[PDB]
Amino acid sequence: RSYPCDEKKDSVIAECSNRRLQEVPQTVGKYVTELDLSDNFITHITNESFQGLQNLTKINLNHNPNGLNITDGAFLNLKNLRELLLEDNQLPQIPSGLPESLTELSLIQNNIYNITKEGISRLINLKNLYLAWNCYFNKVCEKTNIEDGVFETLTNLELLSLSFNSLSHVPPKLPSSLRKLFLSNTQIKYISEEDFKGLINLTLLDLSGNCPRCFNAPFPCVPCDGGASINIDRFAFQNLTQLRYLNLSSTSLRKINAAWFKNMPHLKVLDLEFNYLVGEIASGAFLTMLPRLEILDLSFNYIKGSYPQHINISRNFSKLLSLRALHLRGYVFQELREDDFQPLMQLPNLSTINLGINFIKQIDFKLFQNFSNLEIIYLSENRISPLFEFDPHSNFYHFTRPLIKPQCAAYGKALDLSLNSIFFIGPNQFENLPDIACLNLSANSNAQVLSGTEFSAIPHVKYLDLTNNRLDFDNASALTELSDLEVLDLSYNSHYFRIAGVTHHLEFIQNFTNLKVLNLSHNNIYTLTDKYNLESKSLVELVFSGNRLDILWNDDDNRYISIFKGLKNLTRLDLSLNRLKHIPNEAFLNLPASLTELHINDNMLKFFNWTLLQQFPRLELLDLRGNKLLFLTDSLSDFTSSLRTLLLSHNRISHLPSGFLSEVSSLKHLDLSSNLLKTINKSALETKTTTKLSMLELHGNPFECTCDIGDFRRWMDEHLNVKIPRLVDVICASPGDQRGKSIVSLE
């Protein structure tokens, strides 16, 4: 059994991160090819640290300690080492004598202010070199000294990242093999004709944050003198014929020289966020030079103090023939009229329009159907009413997550109106809209009684998100006009459910023939009017977490005893966070017999009647984590033959009964972590048929490490197929001499 790392298997990885290791372990497997030692307390690396580990092709030593002192030539003997990650290590210099076999070296987030030939010129096989985030913002640091011609001999270098360093000028003598050059936030004020002359294979250039736009910056921002623009020579990109990505975000540009794109026939992504381009958006000659551009980001170009009535889009936007996505967040305007987006309406592949954060008060929604083929209409965070801190591996100027949840967008045309003020959906709200399949009305402070007519203009919505509103469910016909509804999210609409004296109606759930997923989470549901039961012939998943089944299933009330029984097709049920101390036997028996997955985690269960699992012949996963269960049944095989996963972590199990792990043949994963187990007896492990378990979790139990743990230690040796992860965390609580150590220590 591997210790202290966990080994996963054209390679074998030793997962050894975040285990409080004070030194590199001298017990790593001879066959290991990738060693992850990140987030440990290692303070020193010497030529003896990785001795006899010649198969290593990758080492990750990021975030060590919690600076790391690496001796000259510490990694020199590792002849197949290709990838070395040494991020966030407070390194004062590039380590000396690094192995010549390196193809990837990451030194992000260190204190390296000198890039010398001694450090990297001998690394002739380098393909990717990351030196970003060594001197930036108000960090006490020196200006970066790039030794003349340091990168020149790295003739296989394809990616060079020097962003978030004080460079002042583009380094001369860069190798012509470069494909991606990152120079964001480097204090480069001028780009000359010769700065990139030999870079004929360059596909990406990032010059963002040079002469930044600093008003309301969420980081320490130093603008160029007088808030001046970056000065790019007319011929600076004349030989960058292969450029596909260009990032000029936050370069304080007011004018874009169209000639910059004269010899960029393949430009695909142009990022111009955080500039002063309102004038250029209205009359952009550069827009005629970009017929293959697919993504154009012009977000946050607003004029401080100016809140115009309308957006002014140049007729030249009609020349962006290949445009697929247009981002115009933070332009800031009051109304979107149909005439305002006429230049975009004949672009055949424009599928995404992003107008988030524009303080838009009104939109003529009929304009969207006149676009060729919109698939994502993102209008989140507007004022529409009734009709280290930064991840160095992420985009600094915008979030990279999808605008709309992929599960919602997969259904078809999406309209996101979340975080607006549509407090009431009137009869004309969704008129003249395309066939919307995915609709998000989350966080619109909507307190209306939906009554079956509000969505009649878009009746083919398949995924509806109404979360975080104050909806008053007081009409049995609510949402029934949505005949094709498959996913309905009503999470966080507790406002009226929490008032006992008002009426509450959930009868509409029964009317849907295609409803698959329903989320009623965090609604504080504890009382219903007249109809106490949820019914659906189609529903497969119900999320009922954050409600009050402790009240609904109170021992003195029989009204909700069959609340979920009518969900005849249900396979997944989540009853977590319902303050349950016990479930009445009759209420558990009335859960749908079709269940395959049942979660009752994060309640306060003191008892669980295991005998009742007999009535659930399809139950594969039972999750009882985060409860107060004191014991386990000694005859689980008599009550279930389908259970494959049993999650019991964070409970108070102090003893396993005799014959527990052996008899349940279908059980593959048993999680007993964070319980109160002191020991595991020989009787508890084996009986007649050996264990069909493949994973047994035991970290966080207060084990007694005396000779009484010997039987379990021998069982672990005889059952190497049963994985017990994180042995470093399966720790001795007693006696004093063994406290803090893993149970696998002491013979």
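What we label the rigid core is the largest C-alpha set whose atoms superpose within 1.5 Å from one form to the other. In case it trips you up, residue 1 is the first one in the sequence shown, and so on.
- Item | Between stretches 669-677 and 502-510, more displaced by Cα RMS in 9 other deposited structures of this protein (rigid core superposition) | So, of the two stretches, the farther one in 9 other deposited structures of this protein is 502-510.
- Query: Of the stretches 472-480 and 582-590, which sits farther from where it is here in 9 other deposited structures of this protein, on average over its Cα atoms, after fitting the core?
  - Reply: Checking 472-480 against 582-590 in 9 other deposited structures of this protein, I find the farther stretch is 472-480.
- Message: I'd like to know whether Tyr307, which is modelled here, goes unmodelled in a third or more of the other compared entries that cover its flanking residues.
- Response: Other entries vs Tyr307: none skip it.
- Item | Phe388: gap in at least one third of other compared structures | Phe388: unmodelled in a third or more of the comparison entries.
- Count, per the entry, the deposited residues between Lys9 and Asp10 that are not modelled, and return the matching class: none, 1 to 3, 4 to 9, or 10 or more. Missing in between: 1 to 3 residues.
- Check the entry and tell me how many residues of the deposited sequence have no coordinates between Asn66 and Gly67: none, 1 to 3, 4 to 9, or 10 or more. Per the deposited record, the segment joining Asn66 and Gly67 lacks coordinates for 10 or more residues.
- Query: Mean C-alpha B factor from the entry: is it higher for 205-213 or for 337-345?
  - Reply: So the stretch with the higher mean C-alpha B-factor is 337-345.
- Task: Between 312-320 and 459-467, point out the one with the higher average CA B-factor as the PDB entry records it.
- Result: Going by the record's values, the stretch with the higher mean is 312-320.
- Task: Between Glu389, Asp671, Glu158, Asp623, let me know which has the highest C-alpha B-factor in the entry?
- Result: That would be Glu389, according to the entry.
- Whose CA atom has the top B-factor in the entry, of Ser637, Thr596, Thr527, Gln109? By C-alpha B-factor in the record, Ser637 ranks first.
- Within this chain, which third does the Cα B-factor at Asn60 fall in: lowest, middle or highest? Ranked within chain, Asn60 CA B lands in the lowest tercile.
- Within-chain third of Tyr331 by Cα B-factor, per the entry: It belongs to the lowest third of the chain when residues are ordered by C-alpha B-factor.
- Ranked C-alpha temperature factor of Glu454 among modelled chain residues, by third: Middle third by C-alpha B-factor.
- Item | B-factor third for the C-alpha atom of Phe151 within its chain | Middle third, going by the recorded CA B-factors of the chain.
- Message: Ranking the modelled residues of this chain by C-alpha B-factor as given in the entry, is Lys361 in the lowest, middle or highest third?
- Response: Answer is lowest: the recorded C-alpha B-factor places it there.
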